[PDB]
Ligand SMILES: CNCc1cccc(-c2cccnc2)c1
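As a starting point, one isolated chain is supplied in structure tokens, in the form deposited without the ligand.
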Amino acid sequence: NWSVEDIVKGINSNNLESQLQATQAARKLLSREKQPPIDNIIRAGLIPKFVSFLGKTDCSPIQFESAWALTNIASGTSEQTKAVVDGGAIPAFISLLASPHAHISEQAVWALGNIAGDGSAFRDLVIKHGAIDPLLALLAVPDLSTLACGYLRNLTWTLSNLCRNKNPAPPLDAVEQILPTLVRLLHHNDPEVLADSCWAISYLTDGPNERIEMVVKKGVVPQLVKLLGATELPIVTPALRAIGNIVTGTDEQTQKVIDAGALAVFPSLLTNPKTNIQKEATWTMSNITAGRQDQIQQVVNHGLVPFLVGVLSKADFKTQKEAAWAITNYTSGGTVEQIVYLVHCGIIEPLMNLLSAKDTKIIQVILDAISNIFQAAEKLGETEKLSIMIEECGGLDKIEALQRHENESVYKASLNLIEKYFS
């Protein structure tokens, strides 16, 4: 393991071979686990030299070594990635994509992935330099299965970074050019390719309805639903996120998710041991119950109300919070019959128990569900019958103490509930 000083010497020699030996030595240093001396290599002014070696077509070994060395530097902080880009590395790396040498092309893929992964500005700059055509050409084979596994995973991951951040989101024509290939990857058998593919789709669906639409039009929902029930957490997580983003769109878009059979997967998702899965499953449910009355009926038919009642009863506070939203949306847009069914499932007790929460936000969401529920009772003149259940559980108190509160909306609704159904 050479010293940075010696590496500088080798690179400064006008000896191609000496430069090769010094670059490899640089690569090995930047490969350590114990904090690679990235900042020193940068201050030493080596980046421009490395970028220069990327263009030495007659010495592929130094193309590889320097590509690798640059990749690890680009894998650092934004300041470090910026250094690589500032060195002119982008067009040099795109030129390597078409190298007859797979290991070199692969490093270029990897390098661009880290550059694009720094943020939207670098992501777009990489796109402006025309990285998309070359990248897509690499996956231009009839059956993905004939590609080396490790190589396919790298490309997938890099394409994923080209889909990622939101300020701004990737260029629309870039997304369109990418989608077809991305969809082939979403249908591939490698568990890692499947995971990153799902992350890419989850990014493309994090935005305006128009964004969700171009992904939905590619018929990916059914595959997403299938992945939604995979046995690997790494696949489930991004699939559920993508599903979650899609149900934030139009009711027509949400219906594609329900038609694909997504709801049958929620019994296990809403009881998943993984706190995060449970929380995003409930979130997804709250945007489904915010749909039409016929979609709320689908929630009911799949027997998901008891599951919502359960999560609201016992779960991480953040999961319970989404549950409240789900119930408030359900109570807000559902029929009288659907709301009655909700009460027969036992929503009152656990909903009351949450009024003690120390989070003003969940108290407003719940008092809202209570208003909604009473409003339904009113059409059944069974108001008084509910007004007792809420006393029973011991809610008449919490709504009572919620009069003498602090946040207006709260004691405004609290009080409004008292004088009208109780006192």
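Quick note: we count residues from 1 along the sequence shown, nothing fancier.
Beyond what is shown, the protein has a form solved in complex with the ligand; the following relates to that form.
Open or blocked: site for the ligand, pose in the entry with it bound superimposed, 2.4 Å backbone/C-beta cut-off, 3-atom minimum:
By the 2.4 Å criterion, open.
Would you point out which of 130-138, 88-96, 216-224, 287-295 contains residues with a non-hydrogen atom within 4.5 Å of the ligand in the entry with it bound?
Selected stretch: 287-295.
Spell it out for me: taking the ligand in the entry with it bound, does every residue among 374, 383 and 422 have a heavy atom no farther than 4.5 Å from it?
No: none of 374, 383 and 422 comes within 4.5 Å of the ligand in the entry with it bound.
Between the options 272, 320, 338, 329, which residue brings a heavy atom to within 4.5 Å of the ligand in the entry with it bound?
Selected residue: 329.
Is the gap between residue 283 and the ligand in the entry with it bound 4.5 Å or less for some heavy atom pair?
Although the ligand is absent here, residue 283 would touch it in the entry with it bound, with heavy atoms inside 4.5 Å.
Is there a heavy atom of residue 307 lying 4.5 Å or less from a heavy atom of the ligand in the entry with it bound?
No - in the entry with it bound, heavy atoms of residue 307 and the ligand never come within 4.5 Å of each other.
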